[PDB]
């Protein structure tokens, strides 16, 4: 079957990329170091930015369950690609360090 193009990321609760899987190059055309330290919202279409912010805000409230969002992500070639991001929080349960967000980011169709 045709494997969807996707990559994993980790974000702080504000949306900053703190880890980026190198499959990002194939998915959106950036090297990991072009994403790391930036907010995901900096890659998001203006119409979808607030949705994406509010998704990040809520996913910490959902008891670790997955929250999905579809948004337009600006590729390295400055083109809008539809991405479905599936996100959930994690915290090492032996700690009280602040949760972070793990995302799977897949290029999908809007059709």
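Positions refer to the first chain, counted from 1.
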query	finding
27-35 or 77-85, whichever carries the higher mean Cα B-factor	27-35
Which of 60-68 and 47-55 has higher mean CA B factor, as the PDB entry lists it	60-68
Modelled-residue ranking by C-alpha temperature factor, third containing residue 107	middle
Cα B factor band for residue 13 (lowest, middle or highest third within the chain)	highest
Residue 20 CA temperature factor, ranked by third within the chain	middle
